[PDB]
Amino acid sequence: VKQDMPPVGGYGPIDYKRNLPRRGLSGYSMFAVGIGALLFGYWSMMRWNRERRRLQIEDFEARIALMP
Amino acid sequence: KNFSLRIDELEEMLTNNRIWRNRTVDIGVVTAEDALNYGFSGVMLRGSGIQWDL
């Protein structure tokens with residue numbers, strides 16, 4: 001007989017498309033989430049600085065009463 | 001099959017990497033007159049201008 005290696009009835013297709021999905025976002029979405037996180041940080045820090053100045057006024061009362 | 005996938009993944013990795021692109025943009029410019037008379041061949045002559053293939 002003859003037992004070389006041919007392909008049996010042809011083989012399949014080999015792909016060559018530049019497969020790129022551009023999985024990302026939109027610039028409006030970026031700007032929205034950035035401004036939202038920024039405003040959240042600014043508000044919470046504003047409330048914390050208010051509380052902190054209250055406590056620093058309490059330290060003022062401490063040194064003012066203690067002085068004589 | 002696997003190498004078609006792997007070379008798509010190399011194009012995934014590099015190739016619109018900002019740092020590699022803007023690392024190498026405008027270096028090694030070769031005019032076609034010089035590409036002929038300086039005796040370059042193959043990948044250079046494909047890579048600049050003339051439509052030649054052995």
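Every number here is computed from the coordinates shown, using simple stated rules; none is lab data. Neighbour counts run over all protein chains shown; Cβ positions are idealised from the backbone, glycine included.
Look at the stretch A:1-34 and say how many of its residues are away from chain B (no Cβ under 14 Å), assigned to a loop (DSSP other than H, G, I, E, B) and among the aliphatic types (A, V, I, L, M).
We begin by selecting, within the stretch A:1-34, every residue away from chain B (no Cβ under 14 Å); these are A:1-10, A:25-34.
In the following step, the residues that additionally are assigned to a loop (DSSP other than H, G, I, E, B) were identified as A:1-10, A:25-26.
Now narrow it down to the ones that are among the aliphatic types (A, V, I, L, M): A:1, A:5, A:8, A:25.
Here the count works out to 4.
Between A:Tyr11, A:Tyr28, which is of a type in the set (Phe, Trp, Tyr), under 44 Å from the mean Cα position of the chain (by Cα) and surrounded by fewer than 10 Cβ atoms within 10 Å (Cβ to Cβ)?
Working: A:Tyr11 fails: under 44 Å from the mean Cα position of the chain (by Cα).
Step by step, each of A:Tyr11, A:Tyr28 is checked, and only A:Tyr28 is of a type in the set (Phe, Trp, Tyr), under 44 Å from the mean Cα position of the chain (by Cα) and surrounded by fewer than 10 Cβ atoms within 10 Å (Cβ to Cβ).
Can you pull out the residues in the stretch B:14-54 that are surrounded by 10 or more Cβ atoms within 10 Å (Cβ to Cβ) and assigned to a helix (DSSP H, G or I)?
B:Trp20, B:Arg21, B:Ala32, B:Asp34, B:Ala35, B:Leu36, B:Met44, B:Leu45, B:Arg46, B:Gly47
Could you check B:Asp8 against (1) in contact with a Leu (Cβ under 9 Å, 6 or more places away or on another chain); (2) more than 14 Å from chain A (Cβ to nearest Cβ); (3) part of a helix (DSSP H, G or I) and say which number it fails?
Of everything listed in (1) in contact with a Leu (Cβ under 9 Å, 6 or more places away or on another chain); (2) more than 14 Å from chain A (Cβ to nearest Cβ); (3) part of a helix (DSSP H, G or I), B:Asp8 misses just condition (2).
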